[PDB]
Amino acid sequence: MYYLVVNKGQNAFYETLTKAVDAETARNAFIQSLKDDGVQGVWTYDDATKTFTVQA
């Protein structure tokens, strides 16, 4: 569905919000594009917030 992501590492901050239809879809589909920008990091998304944080 509509989830937002925020990448946090040591010297790079990138966050994007895109329509993913579902959860794991946002987990698999979004993670690719979200990583497509800042793959270097790995995200940890919450359900309470509905946001993933790609941290490297």
# chains A, B, ... in the order shown; residues from 1 in each chain; ligands from 1
>>> select_by_dssp(residues="chain A", states="alpha helix (DSSP H)", output="PyMOL selection string")
chain A and resi 23-25+31-38
>>> residues_around(residues="residue 5 (chain A)", least_positions_apart="6", cutoff="6 Å", atoms="only C-alpha atoms", output="ChimeraX atom specification")
/A:15-17,51-53
>>> write_last_selection(atoms="C-alpha atoms", output="CSV table (one decimal), in the first residue's frame")
chain,number,residue,atom,x,y,z
A,15,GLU,CA,13.7,8.6,2.0
A,16,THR,CA,10.9,7.8,-0.5
A,17,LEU,CA,7.2,7.0,-0.3
A,51,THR,CA,7.5,2.9,7.4
A,52,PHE,CA,10.8,1.2,6.5
A,53,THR,CA,14.3,2.6,7.2
>>> closest_residue(among="A:14, A:56, A:50, A:7", to="residue 27 (chain A)", atoms="only C-alpha atoms")
A:50
>>> closest_residue(among="A:24, A:44, A:34, A:13", to="residue 1 (chain A)", atoms="only C-alpha atoms")
A:24
>>> atom_distance(atom1="CA of residue 42 (chain A)", atom2="CA of residue 11 (chain A)")
14.4 Å
>>> residues_around(residues="residue 10 (chain A)", least_positions_apart="6", cutoff="12 Å", atoms="only C-alpha atoms", output="VMD selection string")
chain A and resid 40 to 41 54 to 56
>>> write_last_selection(atoms="C-alpha atoms", output="PDB file, in the first residue's frame")
ATOM      1  CA  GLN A  40      23.811   0.338   0.340  1.00  0.00           C
ATOM      2  CA  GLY A  41      21.525   0.191   3.356  1.00  0.00           C
ATOM      3  CA  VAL A  54      17.040   1.524   4.759  1.00  0.00           C
ATOM      4  CA  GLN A  55      20.064   1.852   6.996  1.00  0.00           C
ATOM      5  CA  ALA A  56      23.557   0.887   5.854  1.00  0.00           C
TER       6      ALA A  56
END
>>> select_by_dssp(residues="region 14-47 of chain A", states="strand (DSSP E)", output="PDB file with N, CA and C atoms, in the first residue's frame")
ATOM      1  N   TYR A  14      18.349   9.050   2.599  1.00  0.00           N
ATOM      2  CA  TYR A  14      17.400   9.069   1.494  1.00  0.00           C
ATOM      3  C   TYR A  14      16.084   8.419   1.910  1.00  0.00           C
ATOM      4  N   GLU A  15      14.974   9.108   1.678  1.00  0.00           N
ATOM      5  CA  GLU A  15      13.673   8.572   2.028  1.00  0.00           C
ATOM      6  C   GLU A  15      12.686   8.770   0.887  1.00  0.00           C
ATOM      7  N   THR A  16      11.937   7.723   0.595  1.00  0.00           N
ATOM      8  CA  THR A  16      10.946   7.760  -0.460  1.00  0.00           C
ATOM      9  C   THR A  16       9.663   7.051  -0.046  1.00  0.00           C
ATOM     10  N   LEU A  17       8.564   7.570  -0.555  1.00  0.00           N
ATOM     11  CA  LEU A  17       7.230   7.033  -0.304  1.00  0.00           C
ATOM     12  C   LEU A  17       6.548   6.688  -1.627  1.00  0.00           C
ATOM     13  N   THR A  18       6.238   5.409  -1.832  1.00  0.00           N
ATOM     14  CA  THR A  18       5.603   4.976  -3.074  1.00  0.00           C
ATOM     15  C   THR A  18       4.493   3.951  -2.833  1.00  0.00           C
ATOM     16  N   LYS A  19       3.524   3.924  -3.749  1.00  0.00           N
ATOM     17  CA  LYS A  19       2.409   2.988  -3.669  1.00  0.00           C
ATOM     18  C   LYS A  19       2.905   1.567  -3.924  1.00  0.00           C
ATOM     19  N   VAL A  42      20.060  -1.367   4.468  1.00  0.00           N
ATOM     20  CA  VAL A  42      18.963  -2.324   4.587  1.00  0.00           C
ATOM     21  C   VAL A  42      17.896  -1.745   5.502  1.00  0.00           C
ATOM     22  N   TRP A  43      16.624  -1.867   5.131  1.00  0.00           N
ATOM     23  CA  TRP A  43      15.580  -1.278   5.959  1.00  0.00           C
ATOM     24  C   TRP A  43      14.928  -2.221   6.951  1.00  0.00           C
TER      25      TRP A  43
END
>>> residues_around(residues="residue 23 (chain A)", least_positions_apart="6", cutoff="10 Å", atoms="only C-alpha atoms", output="number ranges by chain")
A: 1-3, 29-30, 47, 50
>>> write_last_selection(atoms="N, CA, C and O atoms", output="compact mmCIF listing (two decimals), in the first residue's frame")
# COMPACT_ATOMS: atom_id res chain seq x y z
N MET A 1 0.84 -1.22 0.00
CA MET A 1 0.00 0.00 0.00
C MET A 1 0.87 1.26 0.00
O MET A 1 1.97 1.26 -0.54
N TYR A 2 0.37 2.33 0.61
CA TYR A 2 1.10 3.59 0.67
C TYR A 2 2.01 3.60 1.88
O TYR A 2 1.58 3.88 3.00
N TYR A 3 3.28 3.29 1.66
CA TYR A 3 4.26 3.25 2.73
C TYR A 3 5.43 4.16 2.42
O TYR A 3 5.74 4.42 1.25
N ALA A 29 8.59 -5.11 -3.55
CA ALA A 29 8.55 -4.15 -4.65
C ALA A 29 9.23 -2.83 -4.28
O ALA A 29 10.06 -2.32 -5.03
N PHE A 30 8.85 -2.27 -3.14
CA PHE A 30 9.41 -1.00 -2.69
C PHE A 30 10.90 -1.12 -2.38
O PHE A 30 11.70 -0.31 -2.84
N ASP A 47 5.09 -1.88 11.59
CA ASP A 47 3.69 -1.95 11.23
C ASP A 47 2.95 -0.83 11.92
O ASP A 47 2.02 -0.22 11.37
N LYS A 50 4.37 1.88 9.77
CA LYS A 50 4.14 1.58 8.36
C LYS A 50 5.21 2.23 7.50
O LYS A 50 4.96 2.72 6.40
>>> decode(residues="chain A", atoms="C-alpha atoms", output="short mmCIF file (atom, residue, chain, number, x, y, z; two decimals), in the first residue's frame")
data_model
loop_
_atom_site.label_atom_id
_atom_site.label_comp_id
_atom_site.auth_asym_id
_atom_site.auth_seq_id
_atom_site.Cartn_x
_atom_site.Cartn_y
_atom_site.Cartn_z
CA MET A 1 0.00 0.00 0.00
CA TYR A 2 1.10 3.59 0.67
CA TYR A 3 4.26 3.25 2.73
CA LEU A 4 7.21 5.58 3.27
CA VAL A 5 10.88 4.72 3.59
CA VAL A 6 13.83 6.51 5.16
CA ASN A 7 17.43 5.43 4.61
CA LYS A 8 19.87 6.06 7.46
CA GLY A 9 23.54 5.12 7.36
CA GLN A 10 26.72 7.02 8.20
CA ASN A 11 26.93 9.60 5.40
CA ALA A 12 23.74 9.26 3.35
CA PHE A 13 20.06 9.94 4.06
CA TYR A 14 17.40 9.07 1.49
CA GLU A 15 13.67 8.57 2.03
CA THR A 16 10.95 7.76 -0.46
CA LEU A 17 7.23 7.03 -0.30
CA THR A 18 5.60 4.98 -3.07
CA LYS A 19 2.41 2.99 -3.67
CA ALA A 20 3.08 -0.72 -3.13
CA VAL A 21 -0.47 -2.09 -3.24
CA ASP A 22 0.17 -4.44 -0.30
CA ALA A 23 2.66 -5.02 2.53
CA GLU A 24 5.11 -7.69 1.35
CA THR A 25 4.63 -6.04 -2.02
CA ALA A 26 5.91 -2.87 -0.45
CA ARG A 27 8.45 -5.09 1.23
CA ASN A 28 9.64 -6.68 -2.01
CA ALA A 29 8.55 -4.15 -4.65
CA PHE A 30 9.41 -1.00 -2.69
CA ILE A 31 12.66 -2.32 -1.22
CA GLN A 32 13.97 -2.73 -4.77
CA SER A 33 13.21 0.83 -5.83
CA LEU A 34 13.96 2.27 -2.41
CA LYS A 35 17.24 0.42 -2.56
CA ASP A 36 17.53 1.39 -6.19
CA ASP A 37 18.29 4.81 -4.70
CA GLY A 38 20.15 3.83 -1.53
CA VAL A 39 20.59 0.05 -1.70
CA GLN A 40 23.81 0.34 0.34
CA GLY A 41 21.53 0.19 3.36
CA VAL A 42 18.96 -2.32 4.59
CA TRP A 43 15.58 -1.28 5.96
CA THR A 44 13.61 -2.26 9.01
CA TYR A 45 9.94 -1.40 8.54
CA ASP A 46 7.40 -1.23 11.34
CA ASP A 47 3.69 -1.95 11.23
CA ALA A 48 2.85 0.52 13.93
CA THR A 49 4.35 3.24 11.78
CA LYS A 50 4.14 1.58 8.36
CA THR A 51 7.54 2.87 7.36
CA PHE A 52 10.84 1.20 6.49
CA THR A 53 14.30 2.60 7.18
CA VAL A 54 17.04 1.52 4.76
CA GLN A 55 20.06 1.85 7.00
CA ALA A 56 23.56 0.89 5.85
#
